[PDB]
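Participant: The structure's right below; bear with me while I get my questions together.
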Amino acid sequence: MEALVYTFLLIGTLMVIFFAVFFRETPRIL
Amino acid sequence: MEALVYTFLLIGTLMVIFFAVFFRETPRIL
Amino acid sequence: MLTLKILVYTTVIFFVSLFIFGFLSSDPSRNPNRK
Amino acid sequence: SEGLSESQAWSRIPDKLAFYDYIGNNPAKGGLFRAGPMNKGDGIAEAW
Amino acid sequence: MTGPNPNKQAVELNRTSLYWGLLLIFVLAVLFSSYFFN
Amino acid sequence: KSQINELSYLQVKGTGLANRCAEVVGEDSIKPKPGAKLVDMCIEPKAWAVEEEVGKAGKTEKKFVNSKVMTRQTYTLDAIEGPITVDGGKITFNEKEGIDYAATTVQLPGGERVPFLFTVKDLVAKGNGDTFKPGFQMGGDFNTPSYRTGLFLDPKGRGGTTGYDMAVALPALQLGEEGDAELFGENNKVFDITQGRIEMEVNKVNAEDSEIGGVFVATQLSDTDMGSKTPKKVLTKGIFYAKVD
Amino acid sequence: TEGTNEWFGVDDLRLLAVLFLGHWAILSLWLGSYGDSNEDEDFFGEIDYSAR
Amino acid sequence: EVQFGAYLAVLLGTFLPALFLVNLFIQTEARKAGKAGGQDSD
Amino acid sequence: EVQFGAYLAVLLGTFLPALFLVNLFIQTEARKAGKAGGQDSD
Amino acid sequence: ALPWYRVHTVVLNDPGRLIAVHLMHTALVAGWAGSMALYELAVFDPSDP
Ligand code: CLA
Ligand code: CLA
Ligand code: CLA
Ligand code: CLA
Ligand SMILES: CCCCCCCCCCCCCCCC(=O)OC[C@H](COP(=O)(O)OC[C@@H](O)CO)OC(=O)CCCCCCCCCCCCCCC
Ligand SMILES: CC1=C(/C=C/C(C)=C/C=C/C(C)=C/C=C/C=C(C)/C=C/C=C(C)/C=C/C2=C(C)CCCC2(C)C)C(C)(C)CCC1
């Protein structure tokens, strides 16, 4: 049952990495 | 151990009632 | 098993040939100085 | 009717058929907050 | 990306609605906890 | 077979031929001498079945369920020898030496892995008749040794003739008068020897090569893991080959 | 059989067919740009910027 | 003995919808502070 | 068997500090939207 | 200044983002169905049907 928590934490970490890459704040000049 | 949850929910409900009374948005005209 | 081997061999020779003929596709000239 | 005893007739009944004739498999015997499988209630069935 | 969306609106929750929703969630938690714990 | 002896080691290796039995050609008869001896008895299983309660259509009969081998091509016994004793009426075979055991793991439907020592160790096999015939039937009991020896350590470092005799990661269980008596069956590693039963059946005899070969069917029990789990009955079928001298 | 000494792991002629057909397919696309290219056109740089 | 999943159901069923409303109220006041134009807008 | 209080320690130890940062980011964007002055300020 | 119960009406006259908001409900429903079945396979006992 704790493997449900382990899977959710790892898949939840990869979803943060997805949004950090493709929904990043674009660096803009001026 | 669930009486810890029961106490926290009741005391937490009374803390909301405290803030709803004494930290209310004051009704103002104009 | 041996149907999977056809699929992987088809997949590997697809991407390796893209790598090969892509670097044969006048790849030094693809630089921002000229061309 | 075909010349079997009471003990031989009842031994021909499949346990899957006898399991349906038990009130713990009634869907109108549970509760709103009795959570989980039906095995969580009476146990896992083993033998008739 | 296409243009900036003209349908973009602001969302509000005043302090009264916060107190009403905090009270609702705590009271529903008070009510339903005894049943969930069983 | 004469065909296999024509090949090099480099032609056979990797191919899987080395796990196969030789096929015998012909229907003849061999009458064993008083000093006769089977020499290179190959025994190759080709089917594996483990007994398990299954839920077919409405009931729960016991069925030997076909299982898949996961220890790849290491299962065939070979070079089994032993004298062929001629009794008054019947012909018997007592195996002595050779690779007469092979550790095999099969997997049941559900993911259950069943390791077992497929063996013919201490086989005394009684036949019907006095000559090897294409209808000859040899069979007898053998001894299945335990799958793990007493030198085998478990994941916690416990074994039969070596190791800890306590669950050493739970030192507070050695407290009070009862101690670790609830963990006795896991701390007591027991070497168990069970019995199996093989029924061979010759159907092809080559008299010029003095070679017999046919089918078998064998049943035995699986690994008990030093007496920690209840063993399952494993039914196996396949082909054998032998040379008679 | 994996420890046997086969050329590129080709133990069936299916695998030889898909190796040819896979490599000739990207070759045929690549010949759409670099076929009909003159053989006698040289250059004296470290790098050529000929055409597309 | 009570059901152990109910500790998760009550406490996440309280905190996550409560922190959603605290989130909505705070961004409402921050949006009013930004539009007000002084010392809290930045 | 694992410790049953660890389900609370992990899930509230994840969600409550994560929803605090989601709260801080959202009010930062709402304060910028209020100061921007158009259609999202109100 | 939308109330909380009217926040999703911003895609009422935006057919591109109505499709996007329905694709996300579809992603969540199919993701529920895949993960509920994976949870159910982890706890199912297929030994005595
Ligand atoms: C191994 C398999 C194989 C494959 C995949 C090909 C592929 C090709 N050969 Mg062929 N060829 C082969 C073996 C193969 N060859 C063999 C064994 C022989 C006998 C020796 C030949 C003899 C031969 C000759 C003589 C010629 C070709 C030609 C061609 C090319 C077609 C020209 C073109 O690009 O127009 C397009 C081709 C189409 C079929 C139309 C496709 C239209 C799609 C929709 C793309 C259009 C763009 C679209 C708007 C957007 C792109 C999306 C899309 C890519 C998904 C193509 C790359 C021609 C060539 O290479 O010219 C130099 C040519 O003259 N071949
Ligand atoms: C159509 C919806 C639906 C239905 C009929 C089922 C049916 C089932 N589920 Mg499934 N499930 C569903 C959707 C559904 N599920 C969804 C959407 C999820 C993801 C959250 C799950 C995740 C899930 C898990 C992890 C498990 C089940 C299990 C089960 C089985 C046992 C039911 C039980 O014991 O409930 C118990 C009774 C309740 C939950 C009461 C329902 C809620 C009441 C009505 C109160 C309403 C909420 C309240 C107002 C808010 C709380 C206030 C808050 C402030 C605290 C049953 C077959 C169990 C099973 O046996 O699997 C093998 C099981 O372990 N479900
Ligand atoms: C420079 C990068 C590069 C690399 C790494 C490759 C790599 C490969 N190519 Mg090549 N290819 C390239 C560029 C490249 N290509 C270019 C620029 C062209 C011209 C357009 C080709 C045209 C080409 C063809 C037509 C074929 C390949 C094939 C291959 C594969 C050969 C397999 C092998 O090694 O067996 C080793 C092969 C042998 C030991 C046998 C060859 C020796 C024979 C017996 C000698 C006879 C000479 C000749 C074949 C016949 C004479 C007639 C000829 C002079 C006109 C290998 C993946 C082939 C393949 O096998 O696909 C799987 C294939 O058919 N390529
Ligand atoms: C497919 C069905 C469907 C769809 C697409 C809509 C769509 C809409 N409804 Mg309607 N409605 C529906 C069914 C539906 N409704 C049902 C079944 C009811 C009875 C409960 C209503 C009663 C209703 C009212 C009274 C109102 C709407 C409103 C709206 C509009 C804005 C919703 C919003 O922003 O809330 C945002 C929601 C949140 C910020 C959080 C809500 C959290 C809920 C209460 C619990 C969490 C939900 C849970 C995560 C999902 C469970 C899944 C389950 C539904 C299967 C939007 C057009 C509003 C409107 O008319 O706008 C002008 C409005 O005032 N609906
Ligand atoms: C996985 C994701 C799960 C998502 C779930 C999280 C979202 C759930 C939270 C939303 C609920 C919010 C309700 C806010 C509440 C709130 O915002 O109210 C104020 C709101 C009126 O809003 P107005 O139109 O004044 O708009 C002001 C705006 O600022 C509101 O956004 O009323 C309603 O929303 C309708 C009436 C609800 C009335 C609420 C009363 C509840 C009764 C209380 C019962 C307790 C006492 C009982 C004792 C017997
Ligand atoms: C975030 C993340 C992630 C991800 C990653 C990534 C980011 C990925 C990407 C991906 C990608 C990036 C993809 C792409 C795709 C693409 C495609 C799929 C394409 C296709 C193409 C083709 C198919 C082509 C064709 C052709 C033509 C057109 C002409 C010439 C010839 C040829 C045939 C070649 C992961 C998982 C790690 C997890 C963590 C986080």
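Just so we're on the same page: first chain in the structure tokens is A, next is B, and so on; residues restart at 1 for each chain, and ligands are numbered from 1 in the order they show up.
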So that I can check the secondary structure, give me every residue of chain B assigned alpha helix (DSSP H) by backbone DSSP, as a count of residues only.
Facilitator: 21
Participant: Just fit chain I onto chain H on all the Cα atoms, in order, by least squares, and give it as a short mmCIF file (atom, residue, chain, number, x, y, z; two decimals) with C-alpha atoms, in the first residue's frame.
Facilitator:
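Saved as part.cif:
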data_model
loop_
_atom_site.label_atom_id
_atom_site.label_comp_id
_atom_site.auth_asym_id
_atom_site.auth_seq_id
_atom_site.Cartn_x
_atom_site.Cartn_y
_atom_site.Cartn_z
CA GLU I 1 -10.17 -0.17 15.81
CA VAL I 2 -10.91 2.46 13.19
CA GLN I 3 -10.13 2.48 9.47
CA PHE I 4 -6.62 3.80 8.87
CA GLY I 5 -7.40 5.37 5.51
CA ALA I 6 -9.86 7.70 7.21
CA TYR I 7 -7.01 9.71 8.71
CA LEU I 8 -6.00 10.55 5.15
CA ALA I 9 -9.59 11.11 4.05
CA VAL I 10 -10.37 13.53 6.87
CA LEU I 11 -7.11 15.45 7.02
CA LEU I 12 -6.55 15.79 3.28
CA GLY I 13 -10.28 16.30 2.87
CA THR I 14 -9.99 19.21 5.29
CA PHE I 15 -6.64 20.78 4.46
CA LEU I 16 -6.58 20.63 0.65
CA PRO I 17 -10.03 22.24 0.12
CA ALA I 18 -9.32 24.73 2.92
CA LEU I 19 -5.95 25.71 1.45
CA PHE I 20 -7.63 26.09 -1.94
CA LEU I 21 -9.96 28.72 -0.50
CA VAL I 22 -7.14 30.40 1.40
CA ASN I 23 -5.34 30.51 -1.96
CA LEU I 24 -8.33 32.13 -3.66
CA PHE I 25 -8.82 34.75 -0.96
CA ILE I 26 -5.15 35.72 -0.82
CA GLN I 27 -4.82 36.26 -4.56
CA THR I 28 -8.02 38.32 -4.44
CA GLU I 29 -6.45 40.64 -1.88
CA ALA I 30 -3.13 40.70 -3.74
CA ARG I 31 -4.90 41.65 -6.96
CA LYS I 32 -6.63 44.49 -5.13
CA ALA I 33 -3.30 45.59 -3.65
CA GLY I 34 -1.64 45.63 -7.06
CA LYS I 35 -4.43 47.70 -8.56
CA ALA I 36 -4.38 50.12 -5.61
CA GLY I 37 -1.00 51.36 -6.78
CA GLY I 38 0.89 52.13 -3.59
CA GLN I 39 3.65 50.34 -1.62
CA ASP I 40 2.07 46.88 -2.09
CA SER I 41 1.92 46.71 -5.87
CA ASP I 42 5.57 46.50 -6.99
#
Participant: Which distance in Å separates atom 33 (C, counted along the ligand's line) of ligand 4 and atom CA of residue 11 of chain A, to one decimal?
Facilitator: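 Computing the Euclidean distance for atom 33 (C, counted along the ligand's line) of ligand 4 and atom CA of residue 11 of chain A yields 28.2 Å.
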Participant: Show me, as an MDAnalysis selection string, the residues that have an atom within 10 Å of residue 14 of chain F when counting only C-alpha atoms, minus same-chain residues fewer than 2 positions from it.
Facilitator: (chainID F and resid 9:12 16:18) or (chainID G and resid 1:5)
Participant: Using N, CA, C and O atoms, can you write the selected residues to a file as a compact mmCIF listing (two decimals), in the first residue's frame?
Facilitator:
# COMPACT_ATOMS: atom_id res chain seq x y z
N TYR F 9 32.97 -28.89 -30.74
CA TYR F 9 32.39 -28.13 -29.64
C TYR F 9 31.94 -26.76 -30.10
O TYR F 9 30.91 -26.25 -29.63
N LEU F 10 32.68 -26.15 -31.02
CA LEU F 10 32.35 -24.82 -31.51
C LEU F 10 31.11 -24.81 -32.39
O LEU F 10 30.47 -23.76 -32.51
N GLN F 11 30.76 -25.93 -33.00
CA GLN F 11 29.53 -25.99 -33.78
C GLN F 11 28.30 -26.16 -32.91
O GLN F 11 27.20 -25.77 -33.33
N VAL F 12 28.44 -26.73 -31.72
CA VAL F 12 27.29 -26.99 -30.87
C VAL F 12 27.02 -25.84 -29.91
O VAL F 12 25.85 -25.57 -29.60
N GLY F 16 21.96 -24.77 -28.38
CA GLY F 16 20.97 -25.48 -27.62
C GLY F 16 20.91 -26.96 -27.87
O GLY F 16 20.04 -27.64 -27.30
N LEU F 17 21.79 -27.49 -28.72
CA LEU F 17 21.83 -28.93 -28.97
C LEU F 17 22.33 -29.70 -27.76
O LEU F 17 21.94 -30.85 -27.55
N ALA F 18 23.17 -29.07 -26.93
CA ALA F 18 23.77 -29.76 -25.80
C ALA F 18 22.78 -30.05 -24.68
O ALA F 18 23.12 -30.81 -23.77
N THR G 1 19.09 -18.61 -30.13
CA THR G 1 20.52 -18.84 -30.04
C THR G 1 21.26 -17.51 -30.11
O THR G 1 21.25 -16.85 -31.14
N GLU G 2 21.89 -17.12 -29.01
CA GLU G 2 22.53 -15.82 -28.92
C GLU G 2 24.04 -15.87 -28.86
O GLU G 2 24.69 -14.86 -29.16
N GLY G 3 24.63 -17.00 -28.48
CA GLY G 3 26.08 -17.07 -28.44
C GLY G 3 26.69 -17.58 -29.72
O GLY G 3 27.90 -17.81 -29.79
N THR G 4 25.87 -17.76 -30.75
CA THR G 4 26.33 -18.23 -32.05
C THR G 4 26.76 -17.05 -32.89
O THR G 4 26.30 -15.92 -32.70
N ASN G 5 27.65 -17.31 -33.85
CA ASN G 5 28.41 -16.24 -34.49
C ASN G 5 27.77 -15.86 -35.83
O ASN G 5 28.23 -16.22 -36.91
Participant: Write out, as a Markdown table, each residue of chain D that has an atom at most 9 Å from ligand 2, together with the closest pair of atoms and their distance in Å to one decimal, counting only C-alpha atoms and all ligand atoms, rows going by chain and rising number.
Facilitator:
| residue | atom | partner | partner_atom_place_in_ligand_line | distance |
| --- | --- | --- | --- | --- |
| D:31 | CA | ligand 2 | 37 (C) | 8.2 |
| D:32 | CA | ligand 2 | 37 (C) | 5.6 |
| D:33 | CA | ligand 2 | 37 (C) | 4.7 |
| D:34 | CA | ligand 2 | 34 (O) | 6.1 |
| D:35 | CA | ligand 2 | 34 (O) | 3.2 |
| D:36 | CA | ligand 2 | 34 (O) | 3.5 |
| D:37 | CA | ligand 2 | 60 (O) | 4.3 |
| D:38 | CA | ligand 2 | 60 (O) | 7.9 |
| D:40 | CA | ligand 2 | 60 (O) | 8.8 |
Participant: Take the residues from that selection and put them in a file with C-alpha atoms, as a compact mmCIF listing (two decimals), in the first residue's frame.
Facilitator:
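Written output follows (selection39.txt):
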# COMPACT_ATOMS: atom_id res chain seq x y z
CA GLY D 31 -23.53 -0.07 4.80
CA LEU D 32 -22.73 3.36 3.45
CA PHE D 33 -19.50 3.63 5.41
CA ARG D 34 -18.58 -0.04 5.72
CA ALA D 35 -15.68 0.46 3.36
CA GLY D 36 -13.93 -2.03 1.14
CA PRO D 37 -14.48 -5.46 -0.39
CA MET D 38 -17.05 -7.98 0.75
CA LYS D 40 -13.47 -7.34 4.52
Participant: How would you report the residues lying within 12 Å of ligand 1, as a JSON list (two decimals) with N, CA, C and O atoms, in the first residue's frame, if you count only C-alpha atoms and all ligand atoms?
Facilitator:
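part18.json, freshly written:
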[["chain", "number", "residue", "atom", "x", "y", "z"],
["C", 10, "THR", "N", 14.15, -3.31, -37.73],
["C", 10, "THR", "CA", 13.60, -2.28, -38.59],
["C", 10, "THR", "C", 13.70, -0.91, -37.93],
["C", 10, "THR", "O", 13.97, 0.09, -38.60],
["C", 14, "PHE", "N", 16.34, 2.12, -39.04],
["C", 14, "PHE", "CA", 15.71, 3.37, -39.44],
["C", 14, "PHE", "C", 16.42, 4.56, -38.82],
["C", 14, "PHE", "O", 16.78, 5.51, -39.52],
["G", 17, "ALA", "N", 16.30, -8.78, -44.84],
["G", 17, "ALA", "CA", 15.44, -8.02, -45.74],
["G", 17, "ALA", "C", 15.10, -6.65, -45.16],
["G", 17, "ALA", "O", 15.12, -5.65, -45.88],
["G", 18, "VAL", "N", 14.82, -6.58, -43.86],
["G", 18, "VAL", "CA", 14.47, -5.29, -43.27],
["G", 18, "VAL", "C", 15.69, -4.41, -43.05],
["G", 18, "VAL", "O", 15.54, -3.19, -42.94],
["G", 19, "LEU", "N", 16.89, -4.99, -43.01],
["G", 19, "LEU", "CA", 18.09, -4.17, -42.94],
["G", 19, "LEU", "C", 18.34, -3.46, -44.26],
["G", 19, "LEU", "O", 18.68, -2.28, -44.29],
["G", 20, "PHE", "N", 18.17, -4.19, -45.37],
["G", 20, "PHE", "CA", 18.31, -3.59, -46.69],
["G", 20, "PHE", "C", 17.22, -2.57, -46.94],
["G", 20, "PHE", "O", 17.50, -1.44, -47.35],
["G", 21, "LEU", "N", 15.97, -2.95, -46.68],
["G", 21, "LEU", "CA", 14.83, -2.09, -46.99],
["G", 21, "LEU", "C", 14.81, -0.85, -46.12],
["G", 21, "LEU", "O", 14.33, 0.20, -46.55],
["G", 22, "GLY", "N", 15.31, -0.94, -44.90],
["G", 22, "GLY", "CA", 15.37, 0.21, -44.04],
["G", 22, "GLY", "C", 16.46, 1.16, -44.47],
["G", 22, "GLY", "O", 16.27, 2.37, -44.51],
["G", 23, "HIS", "N", 17.62, 0.61, -44.82],
["G", 23, "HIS", "CA", 18.74, 1.45, -45.21],
["G", 23, "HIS", "C", 18.57, 2.03, -46.61],
["G", 23, "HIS", "O", 19.00, 3.16, -46.86],
["G", 24, "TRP", "N", 17.93, 1.30, -47.52],
["G", 24, "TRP", "CA", 17.67, 1.82, -48.85],
["G", 24, "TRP", "C", 16.56, 2.86, -48.87],
["G", 24, "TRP", "O", 16.47, 3.62, -49.84],
["G", 25, "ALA", "N", 15.71, 2.90, -47.86],
["G", 25, "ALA", "CA", 14.61, 3.84, -47.86],
["G", 25, "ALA", "C", 15.08, 5.25, -47.56],
["G", 25, "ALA", "O", 14.64, 6.21, -48.19],
["G", 26, "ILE", "N", 15.98, 5.40, -46.58],
["G", 26, "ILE", "CA", 16.53, 6.71, -46.28],
["G", 26, "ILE", "C", 17.55, 7.10, -47.34],
["G", 26, "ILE", "O", 17.70, 8.28, -47.66],
["G", 27, "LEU", "N", 18.20, 6.11, -47.95],
["G", 27, "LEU", "CA", 19.08, 6.34, -49.09],
["G", 27, "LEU", "C", 18.33, 6.94, -50.26],
["G", 27, "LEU", "O", 18.83, 7.83, -50.94],
["G", 28, "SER", "N", 17.11, 6.46, -50.51],
["G", 28, "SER", "CA", 16.33, 6.95, -51.63],
["G", 28, "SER", "C", 15.84, 8.37, -51.38],
["G", 28, "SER", "O", 15.73, 9.15, -52.33],
["G", 29, "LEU", "N", 15.54, 8.71, -50.13],
["G", 29, "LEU", "CA", 15.24, 10.09, -49.80],
["G", 29, "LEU", "C", 16.48, 10.96, -49.95],
["G", 29, "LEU", "O", 16.42, 12.04, -50.54],
["G", 30, "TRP", "N", 17.61, 10.47, -49.44],
["G", 30, "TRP", "CA", 18.87, 11.20, -49.52],
["G", 30, "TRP", "C", 19.35, 11.36, -50.95],
["G", 30, "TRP", "O", 19.98, 12.37, -51.28],
["G", 31, "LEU", "N", 19.03, 10.40, -51.83],
["G", 31, "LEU", "CA", 19.32, 10.57, -53.24],
["G", 31, "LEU", "C", 18.39, 11.57, -53.91],
["G", 31, "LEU", "O", 18.68, 11.99, -55.03],
["G", 32, "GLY", "N", 17.29, 11.94, -53.27],
["G", 32, "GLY", "CA", 16.46, 13.01, -53.78],
["G", 32, "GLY", "C", 17.08, 14.38, -53.68],
["G", 32, "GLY", "O", 16.64, 15.30, -54.36],
["G", 33, "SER", "N", 18.10, 14.53, -52.84],
["G", 33, "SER", "CA", 18.85, 15.77, -52.71],
["G", 33, "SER", "C", 20.26, 15.68, -53.26],
["G", 33, "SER", "O", 20.80, 16.69, -53.71],
["G", 34, "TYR", "N", 20.87, 14.50, -53.25],
["G", 34, "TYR", "CA", 22.27, 14.37, -53.59],
["G", 34, "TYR", "C", 22.52, 13.43, -54.75],
["G", 34, "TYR", "O", 23.67, 13.32, -55.20],
["G", 35, "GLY", "N", 21.50, 12.74, -55.24],
["G", 35, "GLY", "CA", 21.52, 12.32, -56.62],
["G", 35, "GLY", "C", 21.33, 13.53, -57.51],
["G", 35, "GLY", "O", 20.87, 14.58, -57.07],
["G", 36, "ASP", "N", 21.69, 13.35, -58.79],
["G", 36, "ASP", "CA", 21.81, 14.44, -59.77],
["G", 36, "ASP", "C", 22.76, 15.53, -59.27],
["G", 36, "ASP", "O", 22.52, 16.72, -59.46],
["G", 37, "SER", "N", 23.85, 15.12, -58.62],
["G", 37, "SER", "CA", 24.88, 16.03, -58.17],
["G", 37, "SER", "C", 26.16, 15.73, -58.93],
["G", 37, "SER", "O", 26.55, 14.57, -59.09]]
